[PDB]
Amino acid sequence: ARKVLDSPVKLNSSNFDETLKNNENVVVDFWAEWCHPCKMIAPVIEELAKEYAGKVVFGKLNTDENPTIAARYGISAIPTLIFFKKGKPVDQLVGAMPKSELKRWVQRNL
């Protein structure tokens, strides 16, 4: 059938902590419009968001627009992906990565 959320969703101060609290599995993509590697992986994240629709919520946290939230996790390079299980960070991926590696990363934590 069709899922409620099947694509990446914008996160900011109005829904970041709430999304983590109310969804068992969340992947947050920390990104910025000036980051070339971020743009390079965006299509892969979209595809995985469709593939794991209903299982994993893919959030996008713009680091320019939400510096405090990014600083909370010590984001020192982008793109950084963090896997949140039950609202807690349990794994991370830093820098652009192939889809195959990205998917295995999800499967390892989901």
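In this text, residue numbers run from 1 along the sequence as written.
- Higher mean CA temperature factor, per the PDB entry, when comparing 96 to 104 with 18 to 26: 96 to 104.
- Within the listed group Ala77, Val57, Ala70, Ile82, the record reports its top CA B-factor for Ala77.
- In the PDB entry, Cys38 places in the middle third of its chain by CA B-factor.
- Annotation for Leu48: C-alpha temperature factor in the highest third relative to the rest of the modelled chain, per the entry.
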